[PDB]
Structures are given as structure tokens and as C-alpha cells.
Amino acid sequence: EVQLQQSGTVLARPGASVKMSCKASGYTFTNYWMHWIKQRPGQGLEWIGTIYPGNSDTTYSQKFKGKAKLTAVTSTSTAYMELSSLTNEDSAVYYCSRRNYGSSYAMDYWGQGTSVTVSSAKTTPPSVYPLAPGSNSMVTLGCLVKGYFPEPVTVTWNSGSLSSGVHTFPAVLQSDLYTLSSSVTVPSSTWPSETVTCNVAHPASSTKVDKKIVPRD
Amino acid sequence: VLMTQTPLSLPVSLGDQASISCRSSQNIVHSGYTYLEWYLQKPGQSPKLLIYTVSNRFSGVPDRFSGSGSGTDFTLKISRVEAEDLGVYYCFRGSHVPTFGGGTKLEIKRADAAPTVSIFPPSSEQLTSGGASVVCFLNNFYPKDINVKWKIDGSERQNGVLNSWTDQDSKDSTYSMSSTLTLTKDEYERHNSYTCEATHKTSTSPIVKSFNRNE
């Protein structure tokens, strides 16, 4: 089983530098090229560069030479990428991938990506508010997640045991503060006869918030 | 040497075929071996391999996908599109200066559907902090074009609204929207009726859901 684990979210201020990792397992780390891709909303996928863990030979995209730095440590099967002189345009999600050969000739295994936010705004834990109907055969509930920074934030209901009829909306930035929502539709025969809880995780601030939705009035 | 994809957006009904083009400004074809691949990235997931070396299909990939091409033009075909095929497709050159095409956003054409509207008053916890936000969900509707009009005691409101749209549903190919009207606790206390109105192509009469702060 081949796996590529990348490091978590990172918040850096303009002009500073960041360094993310890509830990590989399930194969001989030194025999394959590792690639890095940039993903910025409204810009599609962009090729940064590549490295051969075996001898650390590299090749960078003309556009990224002097912006990105690739390195590797074979004793831990971990590849790293460094970004310096950060600007706003550097905010995006970065992935790493393995170039295969033999059975296939392409990038077959990818990492889960790493989010990078370049801003001088302060970090703020999310405020999670329950949404219960005021006053059918199916009921819709929700959770309002306001005032957090930076993104992202993950949401689940009943810790995941509840996945059907869920709608989690994209986070919108409004003056250094994000906002998102999430609805969930369930049978009237299960609420409030049973419990429904939205779980909100904000890794960027190392916090977790749970909110039980209970009938109003 | 850059990769030109076409089209930028590609609407296609269910059961229909779809064709995406990719043109390498300069030959990269040694028919030997030609390193042209197609990758897919669905919202919330990492990109994934579909086809490598022009026509070779990757494991666990439906046979509805196929690649071909010669010289400077390569093509990706999707025979009989299905709800789960939506996302962004990218062609990639693996040889000299690996480069990504601009990508193509595949979207599904389907029957019209009216939105399910639900409205919710501010939570008590938010009220305590001195704020008051009114949330309104308009879920599983089609087409995507839609408008939300807020009403405070009958009169329209326009300043202080925040809207967000989910990506097309990968099961029923519908869209959903969330609209939040944020007011100060004082501003919210000076009024009683709050209405969330939705005007959609499935009617000339808007769908309305509201409540009174006096229950």
C-alpha cells in the first residue's frame, strides 16, 4: 500500500518562508521522482518542480526558480518543499506526487495536499451556532460557523455516522473573518427522538467544537 | 510550449458523450512513447490518474473513459456521462517541461427542480455575544441561477448579506445555496418579521419561508 502523507495547514506573513513535508511509504522512496503541484482557486493545476530522492537531483519550472526549494531525507523517506518571499499569490493548496514507471508511466499516487495562507491577520477559533427550526415529514437542521481564521474547517454530523442529506457550503472571507454553514436533512421520526450533533474542527487553531441541535422555544 | 485545453466549461446531459481537446503548441509525440496524461480532480479530493501515455487506462477506471490523439492534438472521450463524472479534467505533459492544460469543467445538464427552502432564527448563544444572524437554505434545485431577497418587516434588505453555493451534487446533479443576513443584536430586536424569498426559473411566484421573533 503506497501512501504520501503531507503536513498540515500553515499560516505565514508576507515576506516570510514556509516548509512542508511529504512522507512516503509502501515502496522504495529513492527510486522514484517526487513532483510538486500548486493549486490556487481560479488558476487550475500548476507544475512547480521535481526531485529524485536518491541523489536529490532537481528540476524546477522557470516560473518557480527562486521561489521554491526542494530537498529530501532518505533516512525517513520524507521530501520537503520550501517557499520564500511569500506574497498573496502564494496562498493555495500544494500537493506532492510520485512518478511511476513499469506498470504505469505517470503520477499515480498523490498526497492529501497542504493549505498555505499568506496573511498578517490574527488566528481566531470558530464560533459554532446551532440551527433548529423555529415553528413536514423530514426536518432540516444546521450549524453556523462564524469568525474564524485562517481556513480550512471540517464538518461532520454525529461524528460521521450521519452522512446522507448533508450540505456543507464553501467558506466566504469577509474582512479577515471566514464564515460557512452546513445543513442536514433527516426523517422527522428521528429528531428530536434521537440526537443530532455537528462536529467542527479547526486545525489551524488546534480546537474542536461540538454542538447539539435541540428543539427551540 | 504550453497546453491549450478546450473547452473551459463543458455542459453535458446524462447518457451523452463528452469530448475534451488538448493541443501541445509544439510536437511532443514520439510514436516510441508519448507522455500525455489526463487527470481528474473532484471538489474536496486530490487529483487522480485516469489515462497515461495517450490511451492507456489506469486501474479502477470505468471503461467509459478513453484517450487518443496524434501529433499536437489529444482527445479525452466520455461515452455516456453519469452523475458521478462531474469535476475538472486536466491534460498533462510528462516529458520536457511538464505542463498542465488550463483544464475543463464538466457539468451535468438535467431536469429543472425547485429549491427546498428552510429558514432559521439567530441562536441564543450568538445573541449573547451581541450578534444576530438569520440563516436560509435553498437546497437541491436546478438550474444553478437563482436569487435571494431578504425582508425585514416587509421592506427589502440588501446590506449585510452573505451567500455561498455548493458545487454541483454528484448524485442528483443539483445545486444548493446558503444565505446569511447578519444584524447587530439591537437591530434584530427592533423588528419582528424576517422573510427569506427565492426567485427561481421553476416559477413566476417566489418560494417564501419566514418567521416572527415573537413565538
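One line per chain: the protein sequences are A and B, in this order.
Those letters in the first sequence? Residues -10 to 206, per this note's numbering, in order.
Those letters in the second sequence? Residues 4 to 218, per this note's numbering, in order.
We treat Cβ as the ideally placed atom computed from N, Cα and C, and that holds for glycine.
- In this structure, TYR83 (chain A) places its C-beta atom within 8 angstroms of the C-beta atom of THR103 (chain A).
- Sequence-distant partners of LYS174 (chain B) (beyond 5 residues in either direction) whose C-beta falls short of 8 angstroms from its own C-beta, in its chain, are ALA86 and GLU87.
- Beta-bridge analysis with DSSP links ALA116 (chain B) to B:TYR145.
- Distance from the CA of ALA13 (chain A) to the CA of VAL198 (chain A), rounded to the nearest whole angstrom, comes to 32 angstroms.
- Cβ-Cβ distances below 6 angstroms link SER66 (chain A) to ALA13 and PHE18 in the same chain, with the five nearest sequence neighbours on each side left out; the list follows chain order.
- Annotation: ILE149 (chain B) to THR7 (chain B) spans about 32 angstroms, alpha carbon to alpha carbon.
- About 5 angstroms separates the Cβ atoms of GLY70 (chain B) and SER58 (chain B), confirming a contact at the 8 angstroms cut-off.
- Under the DSSP assignment, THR143 (chain A) falls in the beta strand (DSSP E) whose first and last residues are 143 to 146.
- Within the same chain, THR(-2), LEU0, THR112 and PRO139 come within 7 angstroms of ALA193 (chain A) by CB-CB distance, once the 5 residues on both sides are set aside.
- Among the CB atoms of chain A, none fall inside 8 angstroms of the CB of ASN217 (chain B).
- Each of A:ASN20, A:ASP165, A:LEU(-7) and A:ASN44 was checked against the Cα of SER10 (chain A), and the nearest Cα belongs to A:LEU(-7).
- Look at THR63 (chain A) here: in three-state DSSP terms it is coil, with no helix or strand label.
- A direct Cα-to-Cα measurement between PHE95 (chain B) and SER93 (chain A) gives close to 15 angstroms.
- Leaving aside the five residues that flank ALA110 (chain A) on each side, the residues in its chain whose CB is nearer than 7 angstroms to its CB run, in chain order, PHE138 and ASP165.
- Taking the beta carbon of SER124 (chain A) as reference, the chain B residues within 8 angstroms of it are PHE214 and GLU218, listed in sequence order.
- CA-CA distance, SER126 (chain A) to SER179 (chain B), rounds to 20 angstroms.
- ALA5 (chain A) and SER108 (chain A) have their C-alpha atoms spaced approximately 10 angstroms apart.
- Judged by beta-carbon spacing, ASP19 (chain B) lies within the 8 angstroms limit of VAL84 (chain B), meaning their Cβ atoms are closer than that value.
- Between the alpha carbons of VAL161 (chain A) and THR168 (chain A) lies a distance of about 5 angstroms.
- The C-beta separation of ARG87 (chain A) from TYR98 (chain A) comes to about 5 angstroms, placing the pair in contact by the 8 angstroms criterion.
- The three-state reading of DSSP puts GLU159 (chain B) in strand, counting E and B together.
- Going by DSSP, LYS201 (chain A) is part of the beta strand (DSSP E) stretching over 196 to 201.
- Residue contact check for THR131 (chain B) against chain A: no CB pair falls below 8 angstroms.
- Under the 8 angstroms Cβ criterion, the stretch 35 to 42 of chain B does not count as touching the stretch 175 to 191 of chain A, having fewer than three qualifying pairs.
- The Cβ-Cβ distance between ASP46 (chain A) and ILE37 (chain A) does not fall below 8 angstroms.
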